[PDB]
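Participant: Protein chains in written order, with the entry's author numbering: chain t, 1 to 101; chain b, 2 to 206; chain i, 1 to 146. Quick reminder that beta carbons are idealized off the backbone N, C-alpha and C, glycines included.
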RNA sequence: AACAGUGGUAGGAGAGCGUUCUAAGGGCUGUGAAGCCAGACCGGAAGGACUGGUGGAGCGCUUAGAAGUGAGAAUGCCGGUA
RNA sequence: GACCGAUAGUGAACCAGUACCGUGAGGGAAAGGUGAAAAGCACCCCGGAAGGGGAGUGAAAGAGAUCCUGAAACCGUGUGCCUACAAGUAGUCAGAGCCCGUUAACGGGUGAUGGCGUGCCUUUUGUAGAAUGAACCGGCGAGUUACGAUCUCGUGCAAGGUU
RNA sequence: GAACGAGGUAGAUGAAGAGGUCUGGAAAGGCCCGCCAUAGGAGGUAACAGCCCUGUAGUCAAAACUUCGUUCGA
């Protein structure tokens, strides 16, 4: 998929729209991706093993990657992606821009 | 049969005489109807089958003795009124095509073409040359001609070059001079015809 | 036309007769096949020539004579047809084929004498009727038999 | 306008109503479609609207086409409940 | 694909030739749908639990593990009118009284009392029939298709028509 | 009993709008504007997407096996 773990990212659709975020999760098994500060589900928690807690937890939930695109590293706006080869290894190139990743 | 001539960029030249035997003919309502119906029916491929009682993987044994039981006297399990199925007089693979007389088909194509001519939606476009496959060139051509709705374009020689440009945009069709029919004509409400194809179809008919 | 007002040739359309659906259209319970007859049951028809055991008419009647392989059936053409050709022309079976007056040469063309003819011809046919020969001779042609 | 007629089984003939899909034209639909539930509306009938409630994404109208097209009974089959 | 859309379509959309039945050859089922994401109910109270009531999530909790919609038979709870001197194919047409107020129209519900009146279907000369079938509700369930023939109708041509 | 062209088996590259605004839980929908199109196939995307993603039209790709065409008599 176009997005990769550890990217700076902006979301397209949903309650949360066009909010900047950083990525640490990925589920190519089902094409879902987790961004920080989006899909704030409030989970109900019964205690985990010896954890002496009963409480309401606020944490990320994964969104479908189709609702996601990256940014141009030059102009910051939100743009489509393209593939190019830079001296052997392939790389990701955003459209309407020569910069990579 | 004296419709005006048009250039690529909308410039109009001296009008062109058309064979009245093909374009001035009074259209035949009924013959056009049957001609439409003809290939409209023949186009469908009609592939459908449903398992008759004989071929339902089962049946066989008499479910219970003929008499001496409080239930209805019955046959094998796979029978029409049963839940187990086995349809009766269902669909079957069959062709929905036939043939019409040569005179009838010629009259039909002539009638539809003459109908378009009298309705004054024919536009003869001599020498539809195009140097590139790009679509927006031909989109600009259509805009210049004020071709808004569906359309059909026939150009005999430029088919190779122009078909790629036209085929996507937006539901218009490029056909060769031999590919004219009744639906492909009627359905598109606007016929673009190059002069070489004019006289070619004229000779054919 | 445009498709969105298609109308057939009126009088050239009829809905099917869906027998055996309800009473309002007649042909209900019985499906228009009477009551409990042999004719009223599926595949209940009888042999078309059957006559209830009374021996059918064909079998009561006798047989007639033979037919043989040999048989010269000649494509008949009357004098009335010959008028369509110009004055002074030669008419022969091969020409008749292209002109379409006969669609099957068969054993051979044969001229029959019904019609009125006034033209000069050289007629080439496999057979001639007695009246037809003198008719074309009076017309001024020559009936020469192939 | 006049005149006459208009019970009906087996049957023959003609008019239509509705259903599922398919083409052409039109457009209805999260400002709530389909389906379901309730109304004291319309037509000669098969039937069709209108207004509410439910429901939460699909669907009528127009002309033509093709049918797995219309159930109350078959000691019918299946499922559910007396 | 003018083929089906979970009684359909393969028997089998789902751990099916399985469960199950038979000694064996063999026969042979039923069973799809939470939500967009489990965010699938923290915590409190009744309760032994199950199951509830709150609280919270979510666009919806009437959405809570047959969990999208949720018809009818069937079973209940409140109720407006009527009913213990009347026998009723249960209705219809008259009709007082009481109650309600509509897709506003010579309105709606109930109806003390009077007249008339033996269900439906098949099969029969004849059925209320003591002749037959239906316990009730829902679904499914029967004159088509191919190839020829013939006739009417509609077409294009016509002494030719036609592949 | 060789090397030669074309395929087959894994794949690669692949244009154009988070356009504004309205409702809404969520725009792919309504209104007003743009762009690509040899690509308006299909599917998914919190509702109906040519321009969001996978992809699609075209253009390429083979270490190893594998199927097709050119060399070695009267």
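Determine the direct distance from the alpha carbon of residue 104 of chain b to that of residue 185 of chain b, and round the result to whole angstroms.
Facilitator: Approximately 20 Å between the Cα atoms of the pair.
Participant: Just checking my contact of residue 42 of chain b with residue 98 of chain b at CB under 8 Å: how many whole Å lie between their CB atoms?
Facilitator: About 7 Å separates the two Cβ atoms, so the contact holds.
Participant: Strictly under 9 Å for the Cβ-Cβ distance: is residue 116 of chain b near chain i by that measure?
Facilitator: At least one chain i Cβ lies under 9 Å of residue 116 of chain b.
Participant: Skipping 5 residues on each side, what residues in its chain have a beta carbon closer than 8 Å to that of residue 57 of chain b?
Facilitator: Closer than 8 Å at the Cβ level, and outside the excluded window around residue 57 of chain b, lie 79, 85, 86 and 87.
Participant: So what does DSSP say about residue 20 of chain t, is it helix, strand or coil?
Facilitator: Residue state, collapsed to three classes: strand.
Participant: Looking only at its chain, what residues have a beta carbon closer than 7 Å to the beta carbon of residue 10 of chain b, apart from the 5 residues adjacent to it on each side?
Facilitator: Counting only Cβ-Cβ distances below 7 Å, and skipping sequence neighbours, we find 145.
Participant: Got a sec? Which residues, its chain only, sit under 8 Å from residue 169 of chain b by beta carbon, not counting five neighbours each side?
Facilitator: For residue 169 of chain b, where only same-chain residues beyond five positions count, the Cβ hits under 8 Å are 136.
Participant: Which residues in the same chain as residue 130 of chain b place their Cβ atom closer than 7 Å to its Cβ, once the five residues preceding and following it in sequence are excluded?
Facilitator: So the qualifying residues of the chain are 159.
Participant: If we define contact as Cβ-Cβ less than 9 Å, is residue 103 of chain i a contact residue for chain b?
Facilitator: Not an interface residue.
Participant: Which chain i residues are close to residue 188 of chain b, counting only those with a beta carbon under 7 Å from its beta carbon?
Facilitator: Residues of chain i passing the Cβ test: 3.
Participant: Looking only at C-alpha atoms, which of b:6, b:8, b:31 and b:19 sits nearest to residue 13 of chain i?
Facilitator: With distances taken between Cα atoms, residue 13 of chain i lies closest to b:31.
Participant: Taking only beta-carbon atoms, is residue 42 of chain i less than 9 Å away from chain b?
Facilitator: Chain b contact via Cβ: absent.
Participant: Does any residue of chain b bring its CB to less than 9 Å from the CB of residue 119 of chain i?
Facilitator: No - not a single Cβ of chain b is within 9 Å of the one on residue 119 of chain i.
Participant: Between the C-alpha atoms of residue 74 of chain t and residue 20 of chain t, what's the straight-line distance to the nearest angstrom?
Facilitator: Straight-line Cα distance between these residues: approximately 15 Å.
Participant: In three-state terms, what does DSSP make of residue 134 of chain b?
Facilitator: In this structure, residue 134 of chain b counts as coil in the three-state DSSP scheme.
Participant: Secondary structure at residue 64 of chain t, three-state DSSP: helix, strand or coil?
Facilitator: Note: residue 64 of chain t maps to strand in three-state DSSP.
Participant: Quick one: give me the first and last residue of the beta strand (DSSP E) that residue 81 of chain t is part of.
Facilitator: 81-85 is the extent of the beta strand (DSSP E) around residue 81 of chain t.
Participant: Please confirm whether residue 12 of chain i has its beta-carbon closer than 9 Å to some beta-carbon of chain b.
Facilitator: Chain b contact via Cβ: present.
Participant: With C-beta atoms as the reference, is residue 78 of chain t less than 9 Å away from residue 23 of chain t?
Facilitator: Against a cut-off of 9 Å, the Cβ pair of residue 23 of chain t and residue 78 of chain t comes out as no contact.
Participant: Run through chain b and tell me which residues come within less than 9 Å of residue 8 of chain i, C-beta to C-beta.
Facilitator: Result: 31, 34, 35 and 38.
Participant: Please confirm whether residue 71 of chain t and residue 10 of chain t have their CB atoms less than 9 Å apart.
Facilitator: Yes, these two residues count as a Cβ contact at 9 Å.
Participant: Counting only the same chain and skipping the five closest in sequence on each side, list residues whose C-beta sits under 8 Å from that of residue 18 of chain i.
Facilitator: These residues qualify, in order along the chain: 25.
Participant: Residue 10 of chain t bridges to which residues according to DSSP?
Facilitator: Residue 10 of chain t is bridged to t:20 and t:69.
Participant: By alpha-carbon positions, which one of b:117, b:166 and b:25 ends up nearest to residue 132 of chain b?
Facilitator: Looking at the Cα atoms, b:166 is the closest of the given residues.
Participant: Have a look at residue 101 of chain i and residue 87 of chain i and give me their C-alpha separation to the nearest angstrom.
Facilitator: Those two C-alpha atoms are separated by around 17 Å.
Participant: Compare the C-alpha of residue 200 of chain b against each of b:17, b:7 and b:13 and name the closest.
Facilitator: When each option's Cα is compared against that of residue 200 of chain b, the closest is b:17.
Participant: Determine the direct distance from the alpha carbon of residue 16 of chain i to that of residue 89 of chain b, and round the result to whole angstroms.
Facilitator: Looking at the two C-alpha atoms, the distance is approximately 19 Å.
Participant: Compute the Euclidean distance between the alpha carbons of residue 154 of chain b and residue 89 of chain i, then round it to the nearest angstrom.
Facilitator: So the alpha carbons of these two residues sit roughly 51 Å apart.
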